[PDB]
Structures are given as structure tokens and as C-alpha cells.
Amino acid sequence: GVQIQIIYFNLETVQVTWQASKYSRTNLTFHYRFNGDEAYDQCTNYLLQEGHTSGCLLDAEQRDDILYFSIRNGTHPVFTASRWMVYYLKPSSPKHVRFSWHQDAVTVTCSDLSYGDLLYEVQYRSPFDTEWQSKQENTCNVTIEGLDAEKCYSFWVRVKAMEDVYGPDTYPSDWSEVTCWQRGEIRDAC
């Protein structure tokens, strides 16, 4: 009956949201902890939808732990689960994106995050390309050689967590603003 979603926004905030039409027009409570030997604390930051509780926000303070939680119809637990929080990591969108051109090459840099094992990916294309081409690195300094100064290229960047460290169920960041470039100068459309 209870459908649940978890997001760990940029290693700052955990958001757990739930849906259950049975317990609609009713405020279910959310209780959590970060260890299996401590008492549960109650949610101090509730999200609502259609006037009733639909989620919880926890400030996790960059901590890498197993979140243990339960949703209750008062005292009666309706849903119980436990998960490593970083499995639902969504890194923040690339900030301060800069491009430096040299003849038929470009180096795209941006502000690196405070946590490691991430992939900073740059996607690009010209009007002659049918799909986006991609290059990625461990830091936000990706160099793409062999392009054409004479062509217009659309570009955008994002941050992904590495599957070997964070597992397969993470979310890529949102892509940064799209930028268009011909002959080492910025443009409007492409």
C-alpha cells in the first residue's frame, strides 16, 4: 500500500516522501534515527500535499550513515525501512561553469563538490550531429580536442556519483544552463 521515494540532496538534506490513498485526509507521522541502538526521533520538517503530510526533510549534515525510519498511523507503524542514505544521492548542478578555447579544442571547468567519487560529464553537439557526444572526468576540468572552431556547439554539464562507491540507484544532478559557442565566442541559438 505505501509507495516511498528517498533523495539525499547534495549530501545535505534527506527527503523521504510517501503516498498511500488509504491514509489520505489523515496526517501520518515520520520517525527516524541513524543507528540501530538509539531511540527514534520524530520529524520536525513535514512536506504536505492536498493538506496532509506527504514527506519529511532531515538535515543530514554531510553524514554517511544508514537511515532507519518508520511512518505511523499514530502509534501503529504503517511502513518500516532502513537504507544507506548515499544510495539515493543527487549531487548539485554544476556551478561557475567556464569554457577556454584553443584553436580546435576546449577545456570546460566548474566548481568541484566537497565529496569525491563523482563524474563531471560534459555533453555537446553541433547542428550536424543527431545525438549528444560526451566526455567525463573525476574533477570539473574536461578537455575536448578535435572540434571545429567554424561550427556552433551546444554544451551542458552535470555531476554523477560513481556506481562502484555509491551504488546503482543514485540520481545525476540536473544539467547546468545550455551554452552555444562558435569561434571561441558565446551565442544565442544554434
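All residue numbers are counted from 1 along the displayed sequence.
A.B. asks: Do the CA atoms of 24 to 32 or those of 155 to 163 have the higher mean B-factor in the entry?
C.D. replies: Taking the mean C-alpha B-factor of 24 to 32 and of 155 to 163, the larger value falls to 24 to 32.
A.B. asks: Would you mind comparing 6 to 14 and 176 to 184 for me and telling me which has the higher average C-alpha temperature factor in the entry?
C.D. replies: Stretch with the greater average CA B-factor: 176 to 184.
A.B. asks: Taking the values straight from the PDB record, which of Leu119, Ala81, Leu89, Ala105 has the highest C-alpha temperature factor?
C.D. replies: Highest C-alpha B-factor among the listed options: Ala105.
A.B. asks: Out of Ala149, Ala39, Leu58, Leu67, which one has a C-alpha B factor higher than all the others in the entry?
C.D. replies: Answer, based on the entry's C-alpha B-factors: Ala149.
A.B. asks: Classify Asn45 as lowest, middle or highest third according to the C-alpha B-factor given in the PDB entry, relative to its own chain.
C.D. replies: According to the entry, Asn45 has a C-alpha B-factor in the chain's lowest third.
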